[PDB]
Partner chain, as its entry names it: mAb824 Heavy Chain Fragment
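Next up: just one chain, as structure tokens, the form deposited without its partner chain.
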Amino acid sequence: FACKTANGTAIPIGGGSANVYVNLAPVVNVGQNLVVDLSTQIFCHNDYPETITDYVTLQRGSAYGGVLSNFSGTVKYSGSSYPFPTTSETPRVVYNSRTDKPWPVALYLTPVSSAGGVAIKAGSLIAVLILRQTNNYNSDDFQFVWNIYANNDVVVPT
């Protein structure tokens, strides 16, 4: 079991960390959503499904810099939403195949009314999300730590 970003950053078997750079809508209005759909950028696969079945949770998610201070919101993980920053490990997702399969985590962030100026600086860390992979076969428990960075800039217009 390993994972890769869209543009080819790779976290190997056993876990590790990676940076993932994402494009954001340039304007979000107070009352509207800024979506971060990592399921278009983070992909995983079972490396021997013949015998093994891999289980994947979002162990933990945390907000940094801009999103940490001008935004509230949730994280949708497999059809269901949860508070973000996270308060609890999410349910398991089953990684079936040797075929690359999206990590289906997306953030929905709304700006607080005091969000004025540039809410998120470009090139800043906005989120860290810890992918935790166990299985049905041995005692393996590995964290795949993704550091989410912003490409462009987002402003919230007064």
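Positions refer to the first chain, counted from 1.
Only in words, not in the display: the form deposited with its partner chain bound, which the text now covers.
Problem set entry | in the bound PDB entry, residue 62 touching its partner chain (heavy atom, 4.5 Å) | It does not: once its partner chain is placed as it appears in the bound PDB entry, residue 62 has no heavy atom within 4.5 Å of it.
Problem set entry | residue 33 within 4.5 Å of its partner chain in the bound PDB entry, heavy atoms | The answer is yes: residue 33 has a heavy atom within 4.5 Å of its partner chain.
Exercise. Quick one: does residue 108 come within 4.5 Å of its partner chain in the bound PDB entry, counting heavy atoms only?
Worked result: Yes, contact at 4.5 Å.
For this session: Let me know which residues along 61-95 have a heavy atom within 4.5 Å of its partner chain in the bound PDB entry, or say none if there are none.
Result: 74, 76, 77, 78, 79, 80, 81, 82, 83, 87, 88 sit within 4.5 Å of the partner.
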